[PDB]
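Quick note on labels: first sequence line is chain A, next is B, and so on, each numbered from 1.
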Amino acid sequence: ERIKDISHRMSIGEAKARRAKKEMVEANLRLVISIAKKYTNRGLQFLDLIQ
DNA sequence: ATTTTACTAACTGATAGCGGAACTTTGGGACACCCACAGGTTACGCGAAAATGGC
């Protein structure tokens, strides 16, 4: 019972942190693009710089 | 008696190994705020076959 409770609490915490981190990343994708716009034509393509 | 040769020991060079310090190399970090791209192009022409549109 105790290990099951600990596992459920840990899984919930990791899921919540992962969701929040995903929200932040999806919000700032546009900042990533704005930064990567300035390093084109240096051997890498635009999408590689974005990733 | 003399000359040629076979045997042996010492020198030397190549080479594998090691030490160690310098040198190259890799991974991490940086906290004012910054938040959607190019990006040249095309005066072809012809025939087929494949994909769309019409009622």
Legend entry - Sugar conformation, B/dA10 - torsion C1'-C2'-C3'-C4' sign: south
Legend entry - Outermost nucleotides of DNA chain B that come under 4.0 Å of a non-hydrogen atom of chain A: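 Nucleotide range with atoms under 4.0 Å of chain A: B/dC35 to B/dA38.
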Legend entry - Strand contacts (DNA chain B) in residues 39-51 of chain A, 4.0 angstrom heavy-atom criterion: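 Only A/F46 qualify.
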Legend entry - Selection: residues 22-37 of chain A, any non-hydrogen atom under 4.0 Å of DNA chain B: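 Nucleic-acid contacts, sorted: A/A27, A/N28, A/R30, A/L31, A/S34, A/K37.
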Donor-acceptor pairs under 3.5 Å, side chain of residues 4-19 of chain A to any protein atom, not counting sequence neighbours: which ones?
| residue | atom | partner | partner atom | Å |
| --- | --- | --- | --- | --- |
| A/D5 | OD1 | A/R9 | NE | 3.4 |
| A/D5 | OD2 | A/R9 | NE | 3.3 |
| A/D5 | OD2 | A/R9 | NH2 | 3.1 |
| A/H8 | ND1 | A/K4 | O | 2.9 |
| A/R19 | NH2 | A/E23 | OE2 | 3.2 |

Legend entry - Six-ring stacking criterion satisfied by B/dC34 and B/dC35 (under 5.5 Å, under 30°):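 No, unstacked.
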Inset, instruction - Would you confirm whether the neighbouring bases B/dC31 and B/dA32 count as stacked, given the thresholds of 5.5 angstrom between ring centres and 30 degrees between planes? - result: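 In short, no, the neighbouring bases do not stack by the stated criterion.
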Inset, instruction - Output all residues satisfying side-chain contact (heavy atoms from CB on, under 4.5 Å) with A/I33, sequence neighbours left out; order by chain, then residue number. - result: A/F46, A/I50
Inset, instruction - Determine which pairs satisfy salt bridge (charged side-chain N to carboxylate O under 4.0 Å, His left out) with at least one residue from residues 25-50 of chain A, sequence neighbours left out, and list them in order. - result: A/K22-A/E26
Inset, instruction - Any chance you could pull the hydrophobic cluster mates of A/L44, using side-chain heavy atoms under 4.5 angstrom and chaining through other members? - result: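 Joined to A/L44, directly or through intermediates: A/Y39, A/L49.
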Inset, instruction - Output the rest of the hydrophobic cluster of A/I3: all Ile, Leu, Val, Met, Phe, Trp and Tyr residues reachable through side-chain heavy-atom contacts under 4.5 Å, sorted by chain and number. - result: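 Taking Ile, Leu, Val, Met, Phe, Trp and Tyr as members, A/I3 stands alone, with no cluster partners.
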Legend entry - Ranges pairing with ranges for DNA chain B, where each run has three or more Watson-Crick or G-U pairs under 3.5 Å: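 In DNA chain B, stems of three or more pairs: none.
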